[PDB]
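Chemist: Sequence unavailable; structure follows:
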RNA sequence: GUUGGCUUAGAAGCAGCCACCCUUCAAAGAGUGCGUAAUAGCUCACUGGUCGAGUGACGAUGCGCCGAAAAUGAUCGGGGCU
RNA sequence: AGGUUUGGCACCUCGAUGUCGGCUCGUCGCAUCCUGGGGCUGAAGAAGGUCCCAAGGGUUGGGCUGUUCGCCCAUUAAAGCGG
Ligand SMILES: [Mg+2]
Ligand SMILES: [Mg+2]
Ligand SMILES: [Mg+2]
Ligand SMILES: [Mg+2]
Ligand SMILES: [Mg+2]
Ligand SMILES: [Mg+2]
Ligand SMILES: [Mg+2]
Ligand SMILES: [Mg+2]
Ligand SMILES: [Mg+2]
Ligand SMILES: [Mg+2]
Ligand SMILES: [Mg+2]
Ligand SMILES: [Mg+2]
Ligand SMILES: [Mg+2]
Ligand SMILES: [Mg+2]
Ligand SMILES: [Mg+2]
Ligand SMILES: [Mg+2]
Ligand SMILES: [Mg+2]
């Protein structure tokens, strides 16, 4: 979620997913197909959603995380400066990036627990399995 | 689908164009069938081939045979359905060929049967629909069924023979 | 069954969470005394097919 | 398993299912075009855990082990597939998955067996006999137990690639909470 | 075994948190849905029979379907187009 | 989604496009207040709830306030929402 001290501001641009893998930290994982921002909530609700459908088990891994601060109209117009320091925090994700990963649950077990968290997400997604093994 | 058609010795079918007719002991019944489809008598028992394996085809294959099959059992044994009245003091009579029904309705409801169909009420609460055409007989007994549809609570109304009905039991 | 087990084994309730907090176990003696009324009951071949039969349950009960 | 044509021409590839690749022993390397269909039907059976034979058009059979594979993001299918060679009994260290056989009595205790790391690099000797898997018995460990890399069985003198004390399998405790 | 143990006014496959072994067997989950205040009551999982040739499950893609309510009279420019 | 709110923006209009509310006169949309046809119900009947189809017609008089609104009185099948 919202983090400790920073640079405090940003603009915006979009490429393709750089540091997201295919797999990591578990059997099954979740992958975003569309460039977008994810907020402090969303993924926070996604954790809660997924975990609710589990035993509550601590087997869930979230590779994503909010860094980028966003802003908003104090009330209205253009009068004055750029403003809105805390409105919300976002985490940019690009396609192919892996978002969440789970541990030790079965096939349908994590299929449905990803599906529940599929909603609450501004983008379409697909879960996965491991073939490419890369650790270095 | 099922290809074979069992054909009794008293029925005649002439397949030409879009006109396929059967004549037998119960009278003539003529039901139009598809031209693009191939239907003709092979030996004694009837055979309806289909032109292709295409999706829109084979859809009228499973249709056509039973339609002819219905025409076969239509001009042979005919068709009948049994209707049952349930609920307090429900009853049916007969005036001419017409069914006189009285059920829980201020002004009694009656039905004039279309030709080829005939009503039978051998018992006061037992109604039988008799006829050749398997289509019309359906909507005939579905009309009789209209008058009172059995309620979700006491199941009062017109039903089919021994058909079983679930009950809500509100109070 | 365990009404004939808990009492004779000296247990008040049983295993609430048998995998985590353990209750206890017992001697092999409990197989015989429950096997007298279970001859016509338990479906088995004749003679000794009922030996390992009567109690497998204490092992699955958590006691 | 097999390939015929292997040109420098790029657009002859995706007209059929084929992956742009290479192979090298350091004595030489060369153009590659490999059928994708039977490849991921093959690699699936093998990975880095073992080598398979290659037959190029022109009657040349050189046995090789899969090394690194560059995957396309936004899709499943791979775009690259690097290959390496075999010189017995020296050849390069091989990544070995941790398969965790038997049910621990600590998973029965309300915990979960979790493998911190898989595909251990190790090495040696024969790349005929390569350790296509790694068997690790977990029945001994229960809760809080961290099995390290010095406890892992590797026959025929295969030296550990990483630190001996590095944690591979650790069973994680049951979910706990106290304060409101 | 059987209403597996815990808990509840009781909860016996099915409020529910823990677990999910054994016996018989051509074979039947301490069990999927319906049901009761609780077991009963009805099908599935699986076995055997009867009948014929395929049939069932995940994803990829082309083109479509629903999702698709705003104010004077409508329409792709129109006629009209499979 | 809509384009009725407060806004953003500054595009036509400062050699002038008269601003709130009422009264008069209408007409239109349907995201339907009533009435008409339906499905579900924790629908026995009666009386309702929710969703669906439906814009033909209809939708009261008063007290306080410039008010629109809103609150109250007495009613009603109903005392619709906007343009
Ligand atoms: Mg840009
Ligand atoms: Mg990197
Ligand atoms: Mg129950
Ligand atoms: Mg409750
Ligand atoms: Mg369970
Ligand atoms: Mg039963
Ligand atoms: Mg049966
Ligand atoms: Mg405006
Ligand atoms: Mg400007
Ligand atoms: Mg002027
Ligand atoms: Mg003027
Ligand atoms: Mg409407
Ligand atoms: Mg109504
Ligand atoms: Mg329903
Ligand atoms: Mg009513
Ligand atoms: Mg509504
Ligand atoms: Mg108006």
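Modeler: Alright, I've got the coordinates. Numbers count the residues shown, from 1 in each chain, chains lettered A, B, ... in the order given. Ligands and ions are numbered 1, 2, ... in the order given.
Chemist: thought residue C:6 was touching residue C:23?
Modeler: No - using C-beta atoms under 8 Å, residue C:6 makes no contact with residue C:23, being 9.5 Å away. Heads up, the C-betas are built off the backbone N, CA and C, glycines and all.
Chemist: Mutual contacts of those two, please.
Modeler: C:14, C:63 (C-beta atoms under 8 Å, 6 or more residues apart in numbering or on different chains).
Chemist: got the domain boundaries for chain D?
Modeler: D:1-86, D:87-180 (curated CATH domains).
Chemist: so which of the ones you listed gets nearest residue C:18?
Modeler: Proximity to residue C:18 (C-beta to C-beta) singles out domain D:87-180 among the domains of chain D, at 10.0 Å.
Chemist: For residue A:59, give me its contacts.
Modeler: Here residue A:59 is in contact with A:26, A:102, A:103, A:104, A:105, D:112, D:114, D:172 (C-beta under 8 Å, 6+ apart).
Chemist: Report the spatially nearest residue to it, omitting neighbours in sequence.
Modeler: residue A:103 (3.5 Å; C-beta to C-beta, 6 or more residues apart in numbering or on different chains).
Chemist: number of nearby residues for the one you found?
Modeler: Burial measure for residue A:103: 20 neighbouring residues, criterion other C-beta atoms under 10 Å in any protein chain shown.
Chemist: Three-state assignment for the residue in chain B positioned nearest to chain C, please.
Modeler: Residue nearest to chain C within chain B: residue B:164 (36.1 Å; C-beta to the nearest C-beta). Per DSSP: H, G, I helix; E, B strand; the rest coil, the local secondary structure of residue B:164 is coil.
Chemist: Just put the domains of chain D in a markdown table and tack on mean neighbour count and distance to chain A.
Modeler: Converted to a markdown table, those look like this (neighbours: other C-beta atoms under 10 Å in any protein chain shown; distance: least, C-beta to the nearest C-beta, whole Å):
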| stretch | mean neighbour count | distance to chain A |
| --- | --- | --- |
| domain D:1-86 | 15 | 3 |
| domain D:87-180 | 15 | 5 |
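Chemist: Which single residue of chain A approaches chain D most closely?
Modeler: For chain A, C-beta to the nearest C-beta, closest residue to chain D: residue A:96, 3.0 Å.
Chemist: For that residue, which non-adjacent residue is spatially closest?
Modeler: residue D:73 (3.0 Å).
Chemist: contacting residues for the one you found?
Modeler: Residue D:73 touches A:16, A:17, A:20, A:95, A:96, A:97, counting by C-beta under 8 Å, 6+ apart.
Chemist: Which residues are in contact with the nearest residue to the last one once chain neighbours are set aside?
Modeler: Beyond its immediate neighbours in the sequence, the residue positioned closest to residue A:97 (C-beta to C-beta, 6+ apart) is residue A:20, lying 3.0 Å away. Listed by C-beta under 8 Å, 6+ apart, the contact set of residue A:20 reads A:31, A:63, A:93, A:94, A:96, A:97, A:98, A:99, D:73.
Chemist: What's the local residue count around the third one?
Modeler: As a burial measure, residue A:93 scores 25 neighbours (other C-beta under 10 Å).
Chemist: For it, which residues are in contact?
Modeler: Residue A:93 neighbours (C-beta under 8 Å, 6+ apart): A:17, A:20, A:32, A:35, A:36, A:37, A:38, A:64, A:99, A:123.
Chemist: residue contacts, the residue nearest to it when sequence neighbours are not counted?
Modeler: Sequence neighbours aside, residue A:32 is the residue nearest to residue A:93 in space, at 4.8 Å (criterion: C-beta to C-beta, 6+ apart). Residue A:32 makes contact with A:17, A:93, A:94, A:95, A:96, A:97, A:99, A:121, A:123, A:125 under the criterion C-beta under 8 Å, 6+ apart.
Chemist: Tell me which residues touch the third one, please.
Modeler: When the contact criterion is C-beta under 8 Å, 6+ apart, the partners of residue A:94 are A:14, A:15, A:16, A:17, A:18, A:20, A:32, A:35.
Chemist: Verify the stated contact: residue B:45 with residue B:6.
Modeler: Yes - contact criterion C-beta under 8 Å: residue B:45 and residue B:6 qualify, at 6.2 Å.
Chemist: shared neighbours, the two?
Modeler: Counting by C-beta under 8 Å, 6+ apart, nothing touches both residue B:45 and residue B:6.
Chemist: ok, for residue D:68, nearest residue in space, not its chain neighbours?
Modeler: Of all residues not flanking residue D:68 in the chain, residue D:82 sits nearest, at 4.2 Å (C-beta to C-beta, 6+ apart).
Chemist: cool, and residue B:80?
Modeler: In space, residue B:80 is closest to residue B:130, 5.2 Å off (C-beta to C-beta, 6+ apart).
Chemist: is that neighbour in a bridge, and if so with what?
Modeler: On the basis of DSSP bridges, residue B:130 is bridged to residue B:80, residue B:118.
Chemist: Tell me, how many residues neighbour it?
Modeler: That count, for residue B:130 with other C-beta under 10 Å as the rule, works out to 16.
Chemist: Repeat that for the one 5 residues further on.
Modeler: Other residues lying near residue B:135 total 13 when counted by other C-beta under 10 Å.
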